[PDB]
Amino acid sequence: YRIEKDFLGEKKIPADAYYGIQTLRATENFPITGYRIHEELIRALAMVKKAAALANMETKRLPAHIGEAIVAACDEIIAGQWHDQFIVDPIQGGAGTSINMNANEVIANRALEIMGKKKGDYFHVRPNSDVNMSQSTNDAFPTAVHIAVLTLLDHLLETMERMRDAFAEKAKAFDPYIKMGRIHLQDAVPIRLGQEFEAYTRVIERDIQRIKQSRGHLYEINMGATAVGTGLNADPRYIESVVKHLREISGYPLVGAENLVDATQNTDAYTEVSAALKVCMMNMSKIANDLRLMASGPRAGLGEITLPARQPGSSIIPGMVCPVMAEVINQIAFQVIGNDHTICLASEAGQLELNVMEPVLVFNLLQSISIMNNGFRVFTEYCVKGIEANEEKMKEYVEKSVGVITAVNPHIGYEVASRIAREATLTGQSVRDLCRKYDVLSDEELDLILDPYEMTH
(Lines of atoms letter the chains of each structure in order from A and count residues from 1; the text may use other names and numbers.)
(Lines give C-alpha, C1' and ligand atoms only; values in the text may rest on other atoms or scores of the structure.)
Protein backbone atom coordinates (compact mmCIF):
# COMPACT_ATOMS: atom_id res chain seq x y z
CA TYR A 1 0.00 0.00 0.00
CA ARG A 2 1.25 3.52 -0.80
CA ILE A 3 0.90 6.82 1.10
CA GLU A 4 0.59 10.34 -0.45
CA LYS A 5 -0.21 13.83 0.89
CA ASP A 6 -1.93 17.14 -0.04
CA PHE A 7 -3.21 20.29 1.77
CA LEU A 8 -6.25 18.32 2.87
CA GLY A 9 -4.05 15.56 4.32
CA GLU A 10 -2.53 12.09 3.89
CA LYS A 11 -4.20 9.30 1.93
CA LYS A 12 -3.73 5.52 1.64
CA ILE A 13 -3.46 4.57 -2.03
CA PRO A 14 -3.48 0.89 -3.10
CA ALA A 15 0.04 0.07 -4.34
CA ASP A 16 -1.28 -1.39 -7.59
CA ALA A 17 -2.96 1.98 -8.30
CA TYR A 18 -1.37 4.34 -10.84
CA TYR A 19 -3.90 6.96 -9.72
CA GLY A 20 -2.97 9.50 -7.04
CA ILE A 21 -4.56 11.45 -4.17
CA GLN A 22 -6.41 14.12 -6.12
CA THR A 23 -8.23 11.25 -7.85
CA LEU A 24 -8.89 9.58 -4.48
CA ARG A 25 -10.40 12.82 -3.15
CA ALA A 26 -12.79 13.03 -6.11
CA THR A 27 -13.89 9.40 -5.84
CA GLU A 28 -14.83 10.23 -2.22
CA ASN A 29 -16.22 13.67 -3.05
CA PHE A 30 -18.39 12.58 -5.98
CA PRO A 31 -19.73 9.03 -5.44
CA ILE A 32 -22.65 9.87 -7.69
CA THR A 33 -23.29 7.37 -10.49
CA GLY A 34 -20.15 5.30 -10.11
CA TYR A 35 -19.91 5.17 -13.90
CA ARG A 36 -16.55 5.57 -15.62
CA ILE A 37 -15.70 8.37 -18.04
CA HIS A 38 -16.17 7.40 -21.67
CA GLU A 39 -13.36 5.29 -23.11
CA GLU A 40 -12.95 7.64 -26.02
CA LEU A 41 -12.38 10.57 -23.64
CA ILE A 42 -9.58 8.69 -21.90
CA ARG A 43 -7.94 8.10 -25.30
CA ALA A 44 -8.34 11.78 -26.13
CA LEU A 45 -6.97 12.90 -22.77
CA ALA A 46 -3.84 10.85 -23.47
CA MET A 47 -3.47 12.33 -26.98
CA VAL A 48 -3.49 15.79 -25.40
CA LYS A 49 -0.95 15.17 -22.63
CA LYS A 50 1.31 13.65 -25.30
CA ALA A 51 1.06 16.62 -27.68
CA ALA A 52 1.67 18.73 -24.56
CA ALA A 53 4.78 16.82 -23.51
CA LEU A 54 6.04 16.84 -27.14
CA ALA A 55 5.51 20.61 -27.33
CA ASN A 56 7.16 21.26 -23.96
CA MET A 57 10.26 19.33 -25.10
CA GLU A 58 10.32 21.20 -28.46
CA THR A 59 10.46 24.47 -26.49
CA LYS A 60 13.18 23.05 -24.23
CA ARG A 61 11.21 23.63 -21.05
CA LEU A 62 10.38 19.97 -20.28
CA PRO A 63 13.41 17.59 -19.89
CA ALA A 64 13.42 14.91 -22.62
CA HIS A 65 14.22 12.50 -19.73
CA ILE A 66 10.69 12.90 -18.35
CA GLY A 67 8.74 13.86 -21.49
CA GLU A 68 9.60 10.68 -23.42
CA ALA A 69 8.49 8.57 -20.43
CA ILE A 70 5.23 10.51 -20.43
CA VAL A 71 4.87 10.16 -24.22
CA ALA A 72 5.50 6.44 -23.75
CA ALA A 73 2.79 6.20 -21.10
CA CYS A 74 0.35 8.23 -23.18
CA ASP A 75 0.93 5.97 -26.18
CA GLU A 76 -0.12 2.95 -24.09
CA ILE A 77 -3.28 4.60 -22.77
CA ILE A 78 -3.99 5.60 -26.40
CA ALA A 79 -3.49 1.94 -27.33
CA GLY A 80 -6.01 1.15 -24.61
CA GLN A 81 -3.96 -0.03 -21.65
CA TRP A 82 -4.61 1.83 -18.49
CA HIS A 83 -8.32 2.63 -18.79
CA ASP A 84 -9.24 0.75 -15.59
CA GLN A 85 -7.25 3.41 -13.65
CA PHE A 86 -9.57 6.25 -14.69
CA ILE A 87 -11.99 6.06 -11.77
CA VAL A 88 -13.49 9.53 -11.26
CA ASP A 89 -17.25 9.93 -11.68
CA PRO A 90 -18.54 11.58 -14.94
CA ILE A 91 -20.87 13.66 -12.76
CA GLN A 92 -18.44 15.58 -10.55
CA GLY A 93 -17.70 18.99 -9.06
CA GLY A 94 -14.68 21.11 -9.94
CA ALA A 95 -15.52 21.68 -13.62
CA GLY A 96 -13.59 18.58 -14.75
CA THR A 97 -10.39 19.17 -12.75
CA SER A 98 -10.69 15.76 -11.13
CA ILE A 99 -10.72 14.25 -14.67
CA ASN A 100 -7.64 16.19 -15.74
CA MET A 101 -5.92 15.14 -12.50
CA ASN A 102 -6.82 11.47 -12.98
CA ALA A 103 -4.92 11.54 -16.27
CA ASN A 104 -2.09 13.54 -14.74
CA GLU A 105 -1.65 11.11 -11.83
CA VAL A 106 -1.89 7.97 -14.01
CA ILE A 107 0.37 9.15 -16.84
CA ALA A 108 2.97 10.20 -14.22
CA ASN A 109 3.02 6.96 -12.19
CA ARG A 110 3.24 4.96 -15.43
CA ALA A 111 5.94 7.19 -16.89
CA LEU A 112 7.75 6.42 -13.60
CA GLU A 113 7.44 2.65 -14.10
CA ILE A 114 8.80 3.17 -17.65
CA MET A 115 11.85 4.97 -16.19
CA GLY A 116 12.33 1.86 -14.01
CA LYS A 117 11.32 3.94 -10.93
CA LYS A 118 8.36 3.29 -8.63
CA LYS A 119 4.94 4.88 -8.33
CA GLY A 120 4.66 7.84 -5.96
CA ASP A 121 8.15 8.98 -6.94
CA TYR A 122 6.47 12.19 -8.06
CA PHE A 123 9.85 13.73 -7.45
CA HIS A 124 11.00 12.31 -10.79
CA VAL A 125 7.66 12.88 -12.60
CA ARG A 126 5.29 15.54 -11.25
CA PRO A 127 1.50 15.45 -12.00
CA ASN A 128 1.06 19.25 -11.87
CA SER A 129 4.40 20.63 -12.99
CA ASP A 130 5.43 18.14 -15.71
CA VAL A 131 2.47 16.12 -17.03
CA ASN A 132 0.22 19.21 -16.89
CA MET A 133 2.80 21.87 -17.90
CA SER A 134 1.62 24.86 -20.04
CA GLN A 135 -1.90 23.59 -19.35
CA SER A 136 -4.98 24.13 -17.24
CA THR A 137 -8.00 21.92 -16.72
CA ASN A 138 -9.74 24.55 -18.79
CA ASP A 139 -7.88 23.81 -22.07
CA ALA A 140 -6.79 20.16 -21.74
CA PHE A 141 -10.18 18.79 -20.71
CA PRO A 142 -12.25 20.57 -23.46
CA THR A 143 -9.61 19.95 -26.16
CA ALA A 144 -9.89 16.27 -25.28
CA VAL A 145 -13.69 16.48 -25.30
CA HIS A 146 -13.52 18.06 -28.76
CA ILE A 147 -11.48 15.17 -30.15
CA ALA A 148 -13.61 12.54 -28.40
CA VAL A 149 -16.81 14.06 -29.68
CA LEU A 150 -15.40 14.20 -33.21
CA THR A 151 -14.36 10.53 -33.23
CA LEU A 152 -17.76 9.40 -32.01
CA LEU A 153 -19.63 11.58 -34.50
CA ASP A 154 -17.51 10.11 -37.29
CA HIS A 155 -18.49 6.61 -36.14
CA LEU A 156 -22.09 7.84 -36.04
CA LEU A 157 -22.10 9.14 -39.62
CA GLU A 158 -20.62 5.86 -40.87
CA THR A 159 -23.43 3.98 -39.10
CA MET A 160 -26.05 6.38 -40.42
CA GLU A 161 -24.63 6.37 -43.93
CA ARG A 162 -25.12 2.59 -43.71
CA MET A 163 -28.62 3.05 -42.26
CA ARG A 164 -29.59 5.43 -45.09
CA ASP A 165 -28.38 2.87 -47.60
CA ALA A 166 -30.61 0.28 -45.88
CA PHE A 167 -33.77 2.37 -46.10
CA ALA A 168 -32.93 3.33 -49.70
CA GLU A 169 -32.98 -0.36 -50.73
CA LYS A 170 -36.42 -0.81 -49.16
CA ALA A 171 -37.56 2.26 -51.10
CA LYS A 172 -36.68 0.51 -54.35
CA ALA A 173 -37.87 -2.92 -53.18
CA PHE A 174 -41.30 -1.60 -52.13
CA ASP A 175 -41.72 0.95 -54.95
CA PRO A 176 -44.43 -1.15 -56.76
CA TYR A 177 -46.53 -2.07 -53.70
CA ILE A 178 -49.79 -0.09 -53.44
CA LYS A 179 -51.44 0.68 -50.06
CA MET A 180 -53.77 3.16 -48.34
CA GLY A 181 -52.17 6.39 -47.24
CA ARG A 182 -53.51 7.38 -43.82
CA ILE A 183 -54.02 10.89 -42.48
CA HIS A 184 -55.05 11.52 -38.87
CA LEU A 185 -55.07 7.68 -38.99
CA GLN A 186 -58.14 8.04 -41.24
CA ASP A 187 -58.03 6.32 -44.64
CA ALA A 188 -57.08 8.92 -47.24
CA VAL A 189 -55.60 8.26 -50.69
CA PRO A 190 -53.43 5.59 -52.41
CA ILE A 191 -49.65 5.66 -51.95
CA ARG A 192 -46.89 3.13 -52.61
CA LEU A 193 -45.08 1.61 -49.64
CA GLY A 194 -41.80 2.55 -51.34
CA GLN A 195 -42.73 6.25 -51.37
CA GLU A 196 -43.03 6.01 -47.58
CA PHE A 197 -39.57 4.49 -47.38
CA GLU A 198 -38.13 7.16 -49.68
CA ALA A 199 -39.57 9.65 -47.20
CA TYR A 200 -37.67 7.94 -44.42
CA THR A 201 -34.54 7.82 -46.62
CA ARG A 202 -34.48 11.57 -47.24
CA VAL A 203 -35.10 12.76 -43.68
CA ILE A 204 -32.08 10.62 -42.84
CA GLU A 205 -30.08 12.19 -45.68
CA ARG A 206 -30.82 15.51 -43.97
CA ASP A 207 -29.95 14.28 -40.48
CA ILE A 208 -26.55 13.21 -41.79
CA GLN A 209 -25.87 16.66 -43.28
CA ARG A 210 -26.85 18.43 -40.04
CA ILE A 211 -24.73 16.18 -37.82
CA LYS A 212 -21.82 16.43 -40.26
CA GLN A 213 -22.03 20.23 -39.99
CA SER A 214 -22.25 20.21 -36.18
CA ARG A 215 -18.58 19.12 -36.20
CA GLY A 216 -17.22 22.27 -37.86
CA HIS A 217 -17.12 24.28 -34.64
CA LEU A 218 -15.40 21.39 -32.77
CA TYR A 219 -12.28 21.54 -35.01
CA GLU A 220 -11.40 24.82 -33.27
CA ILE A 221 -9.63 24.06 -29.97
CA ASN A 222 -8.67 26.33 -27.08
CA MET A 223 -5.30 24.74 -26.35
CA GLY A 224 -2.96 27.17 -24.56
CA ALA A 225 -5.84 29.18 -23.11
CA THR A 226 -4.66 28.11 -19.66
CA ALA A 227 -6.90 29.52 -16.87
CA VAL A 228 -9.27 31.96 -18.54
CA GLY A 229 -8.42 32.44 -22.24
CA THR A 230 -5.67 35.05 -21.62
CA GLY A 231 -3.11 32.32 -22.37
CA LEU A 232 -0.99 33.21 -19.34
CA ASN A 233 1.95 30.84 -18.67
CA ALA A 234 1.82 29.50 -22.25
CA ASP A 235 4.53 30.35 -24.78
CA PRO A 236 3.12 31.15 -28.28
CA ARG A 237 5.73 28.69 -29.59
CA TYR A 238 4.20 25.97 -27.36
CA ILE A 239 0.75 27.03 -28.56
CA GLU A 240 1.76 26.76 -32.23
CA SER A 241 3.50 23.42 -31.59
CA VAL A 242 0.97 21.69 -29.34
CA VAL A 243 -1.76 22.24 -31.97
CA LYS A 244 0.22 20.83 -34.92
CA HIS A 245 1.03 17.84 -32.76
CA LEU A 246 -2.62 17.37 -31.77
CA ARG A 247 -3.49 17.56 -35.48
CA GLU A 248 -0.96 14.83 -36.31
CA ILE A 249 -1.71 12.66 -33.28
CA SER A 250 -5.50 12.86 -33.61
CA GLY A 251 -5.69 12.84 -37.41
CA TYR A 252 -8.25 15.66 -37.27
CA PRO A 253 -7.98 19.05 -39.05
CA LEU A 254 -7.84 20.85 -35.70
CA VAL A 255 -7.01 24.55 -35.59
CA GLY A 256 -6.32 27.04 -32.80
CA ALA A 257 -9.51 29.03 -32.21
CA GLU A 258 -9.11 32.70 -33.18
CA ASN A 259 -10.27 33.88 -29.74
CA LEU A 260 -9.15 31.81 -26.72
CA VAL A 261 -11.28 33.68 -24.17
CA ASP A 262 -14.27 32.89 -26.41
CA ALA A 263 -13.50 29.19 -26.89
CA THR A 264 -12.89 28.86 -23.12
CA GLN A 265 -16.17 30.29 -21.80
CA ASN A 266 -18.72 29.41 -24.52
CA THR A 267 -20.21 25.90 -24.70
CA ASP A 268 -22.25 26.47 -27.85
CA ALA A 269 -20.33 23.92 -29.91
CA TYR A 270 -21.76 21.21 -27.63
CA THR A 271 -25.34 22.52 -27.45
CA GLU A 272 -25.20 22.68 -31.26
CA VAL A 273 -24.25 19.02 -31.67
CA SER A 274 -26.85 17.88 -29.14
CA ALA A 275 -29.41 20.00 -30.98
CA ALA A 276 -28.64 18.21 -34.28
CA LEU A 277 -28.93 14.80 -32.61
CA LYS A 278 -32.23 15.62 -30.93
CA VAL A 279 -33.70 16.52 -34.31
CA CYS A 280 -32.33 13.27 -35.71
CA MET A 281 -34.00 11.14 -33.04
CA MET A 282 -37.33 13.00 -33.34
CA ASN A 283 -37.36 11.84 -36.96
CA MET A 284 -36.25 8.29 -36.19
CA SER A 285 -38.58 7.91 -33.24
CA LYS A 286 -41.37 8.77 -35.68
CA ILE A 287 -40.20 6.34 -38.37
CA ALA A 288 -40.02 3.74 -35.59
CA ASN A 289 -43.61 4.52 -34.55
CA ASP A 290 -44.67 4.12 -38.19
CA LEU A 291 -43.09 0.67 -38.55
CA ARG A 292 -44.67 -0.52 -35.31
CA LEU A 293 -48.07 0.59 -36.66
CA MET A 294 -47.68 -1.04 -40.05
CA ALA A 295 -46.42 -4.15 -38.26
CA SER A 296 -49.40 -4.09 -35.87
CA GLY A 297 -51.32 -7.37 -35.81
CA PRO A 298 -50.92 -9.99 -36.99
CA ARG A 299 -54.71 -10.27 -37.35
CA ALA A 300 -56.45 -7.43 -35.47
CA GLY A 301 -54.18 -4.71 -36.83
CA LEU A 302 -52.85 -3.04 -39.97
CA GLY A 303 -50.52 -5.94 -40.84
CA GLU A 304 -49.01 -4.15 -43.83
CA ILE A 305 -45.44 -5.33 -43.04
CA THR A 306 -43.48 -7.81 -40.91
CA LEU A 307 -40.21 -7.20 -39.08
CA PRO A 308 -37.56 -9.89 -38.34
CA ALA A 309 -38.37 -11.77 -35.13
CA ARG A 310 -35.48 -11.24 -32.74
CA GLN A 311 -36.78 -12.77 -29.54
CA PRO A 312 -39.88 -14.32 -27.89
CA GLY A 313 -41.87 -11.11 -27.54
CA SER A 314 -44.01 -12.30 -24.60
CA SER A 315 -43.83 -14.63 -21.59
CA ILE A 316 -47.39 -16.14 -21.73
CA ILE A 317 -48.70 -15.55 -25.30
CA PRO A 318 -47.42 -18.32 -27.65
CA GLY A 319 -46.27 -17.07 -31.06
CA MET A 320 -45.64 -13.47 -30.01
CA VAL A 321 -43.35 -11.37 -32.26
CA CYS A 322 -42.92 -7.83 -30.94
CA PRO A 323 -41.24 -5.01 -32.90
CA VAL A 324 -38.47 -4.80 -30.35
CA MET A 325 -35.80 -3.28 -32.56
CA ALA A 326 -38.01 -0.28 -33.34
CA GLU A 327 -39.02 -0.07 -29.68
CA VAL A 328 -35.42 0.31 -28.60
CA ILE A 329 -35.03 3.18 -31.09
CA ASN A 330 -38.07 4.91 -29.56
CA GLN A 331 -36.51 4.56 -26.10
CA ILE A 332 -33.12 5.83 -27.21
CA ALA A 333 -34.79 8.92 -28.68
CA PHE A 334 -36.34 9.64 -25.27
CA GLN A 335 -32.84 9.47 -23.75
CA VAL A 336 -31.19 11.73 -26.32
CA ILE A 337 -33.92 14.34 -25.87
CA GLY A 338 -33.85 14.31 -22.08
CA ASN A 339 -30.05 14.47 -22.41
CA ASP A 340 -30.32 17.54 -24.62
CA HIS A 341 -32.29 19.23 -21.80
CA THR A 342 -29.52 18.36 -19.35
CA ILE A 343 -26.87 19.58 -21.80
CA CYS A 344 -28.79 22.80 -22.45
CA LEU A 345 -29.36 23.52 -18.74
CA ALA A 346 -25.66 22.94 -18.11
CA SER A 347 -24.56 25.03 -21.07
CA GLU A 348 -26.69 27.93 -19.81
CA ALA A 349 -25.40 27.77 -16.23
CA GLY A 350 -22.03 29.14 -17.35
CA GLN A 351 -20.76 32.13 -15.35
CA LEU A 352 -18.16 34.64 -16.61
CA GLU A 353 -14.88 33.07 -17.76
CA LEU A 354 -15.74 29.37 -17.19
CA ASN A 355 -18.62 26.90 -17.40
CA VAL A 356 -18.18 24.51 -14.44
CA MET A 357 -21.02 22.21 -15.49
CA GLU A 358 -19.06 20.86 -18.47
CA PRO A 359 -18.90 17.29 -16.96
CA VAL A 360 -22.57 16.23 -16.82
CA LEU A 361 -22.83 18.03 -20.16
CA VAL A 362 -20.09 15.93 -21.78
CA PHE A 363 -21.34 12.78 -20.09
CA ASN A 364 -24.74 13.22 -21.73
CA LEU A 365 -23.24 14.43 -25.01
CA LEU A 366 -20.93 11.45 -25.44
CA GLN A 367 -23.60 9.07 -24.17
CA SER A 368 -26.13 10.42 -26.66
CA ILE A 369 -23.75 9.86 -29.60
CA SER A 370 -22.75 6.37 -28.52
CA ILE A 371 -26.29 5.18 -27.79
CA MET A 372 -27.48 6.29 -31.23
CA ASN A 373 -24.53 4.67 -33.02
CA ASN A 374 -25.32 1.39 -31.26
CA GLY A 375 -29.07 1.64 -31.70
CA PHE A 376 -28.69 2.42 -35.40
CA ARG A 377 -26.21 -0.38 -36.06
CA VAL A 378 -28.48 -3.06 -34.53
CA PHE A 379 -31.59 -1.50 -36.04
CA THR A 380 -30.06 -1.37 -39.51
CA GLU A 381 -29.12 -5.08 -39.43
CA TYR A 382 -31.57 -6.85 -37.11
CA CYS A 383 -34.80 -5.12 -38.24
CA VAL A 384 -34.60 -2.71 -41.19
CA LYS A 385 -32.82 -4.88 -43.76
CA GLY A 386 -35.15 -7.79 -42.93
CA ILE A 387 -38.46 -5.91 -43.28
CA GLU A 388 -40.93 -7.76 -45.54
CA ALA A 389 -44.27 -6.61 -47.01
CA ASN A 390 -47.79 -8.12 -47.03
CA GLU A 391 -48.75 -6.78 -50.49
CA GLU A 392 -51.95 -8.85 -50.64
CA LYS A 393 -53.09 -7.26 -47.36
CA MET A 394 -52.03 -3.81 -48.63
CA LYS A 395 -53.76 -4.22 -52.03
CA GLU A 396 -56.92 -5.39 -50.21
CA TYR A 397 -57.04 -2.10 -48.26
CA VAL A 398 -56.96 -0.13 -51.54
CA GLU A 399 -59.72 -2.23 -53.09
CA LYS A 400 -62.05 -1.50 -50.15
CA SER A 401 -61.43 2.21 -49.63
CA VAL A 402 -63.82 5.13 -50.05
CA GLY A 403 -60.68 7.30 -50.30
CA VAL A 404 -60.18 6.39 -54.00
CA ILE A 405 -63.03 8.88 -54.64
CA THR A 406 -60.48 11.72 -54.31
CA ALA A 407 -59.72 10.86 -57.98
CA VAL A 408 -63.36 11.41 -59.16
CA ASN A 409 -63.32 14.80 -57.40
CA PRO A 410 -62.24 17.09 -60.37
CA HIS A 411 -65.03 15.69 -62.61
CA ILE A 412 -67.87 15.44 -60.07
CA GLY A 413 -66.87 18.22 -57.65
CA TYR A 414 -66.19 18.02 -53.91
CA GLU A 415 -69.89 18.47 -52.98
CA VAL A 416 -71.33 15.55 -55.06
CA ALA A 417 -68.47 13.24 -53.96
CA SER A 418 -68.69 14.22 -50.26
CA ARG A 419 -72.30 12.92 -50.23
CA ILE A 420 -71.44 9.69 -52.11
CA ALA A 421 -68.52 9.15 -49.69
CA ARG A 422 -70.57 9.80 -46.53
CA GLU A 423 -73.15 7.30 -47.85
CA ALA A 424 -70.53 4.64 -48.73
CA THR A 425 -68.85 4.76 -45.30
CA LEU A 426 -72.22 4.42 -43.53
CA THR A 427 -73.81 1.75 -45.81
CA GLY A 428 -70.43 0.10 -46.49
CA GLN A 429 -70.88 -0.16 -50.27
CA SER A 430 -68.16 0.29 -52.91
CA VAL A 431 -67.63 3.79 -54.35
CA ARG A 432 -68.13 2.40 -57.86
CA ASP A 433 -71.65 1.12 -57.03
CA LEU A 434 -72.65 4.46 -55.47
CA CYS A 435 -71.37 6.28 -58.57
CA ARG A 436 -73.57 4.01 -60.76
CA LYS A 437 -76.50 4.50 -58.35
CA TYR A 438 -76.24 8.28 -58.77
CA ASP A 439 -75.20 7.66 -62.42
CA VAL A 440 -72.60 10.44 -61.91
CA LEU A 441 -69.80 8.84 -63.98
CA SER A 442 -69.99 6.01 -66.54
CA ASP A 443 -68.48 2.58 -65.89
CA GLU A 444 -65.79 3.10 -68.56
CA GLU A 445 -65.00 6.48 -66.90
CA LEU A 446 -64.72 4.81 -63.46
CA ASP A 447 -62.41 2.05 -64.79
CA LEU A 448 -60.07 4.94 -65.70
CA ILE A 449 -60.73 7.54 -62.97
CA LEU A 450 -60.85 5.23 -59.91
CA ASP A 451 -57.63 3.38 -60.97
CA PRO A 452 -55.30 3.08 -57.92
CA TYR A 453 -51.99 3.96 -59.60
CA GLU A 454 -52.67 7.68 -59.32
CA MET A 455 -49.90 7.97 -56.70
CA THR A 456 -47.53 8.89 -59.52
CA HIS A 457 -48.53 12.53 -60.15
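Numbering starts at 1 and runs along the sequence shown.
If you average the C-alpha B-factors over 230 to 238 and over 149 to 157, the higher value belongs to 230 to 238. According to the PDB record, 318 to 326 carries the higher mean C-alpha B-factor of the two stretches 318 to 326 and 346 to 354.
Within the selection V378, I211, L361, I114, the deposited Cα B-factor values reach their highest point at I114. Highest C-alpha temperature factor among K385, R110, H184, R164 per the entry: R110. Residue-level temperature factors show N283 in the lowest third of its chain, judged at the C-alpha atom. When the modelled residues of the chain are ordered by C-alpha B-factor, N102 sits in the middle third. When all modelled residues of the chain are sorted by CA temperature factor, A79 is found within the highest third. Ranked by Cα temperature factor within the chain, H411 sits in the middle third according to the deposited record. The entry lists a Cα temperature factor for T33 that places it in the lowest third of the chain's modelled residues.
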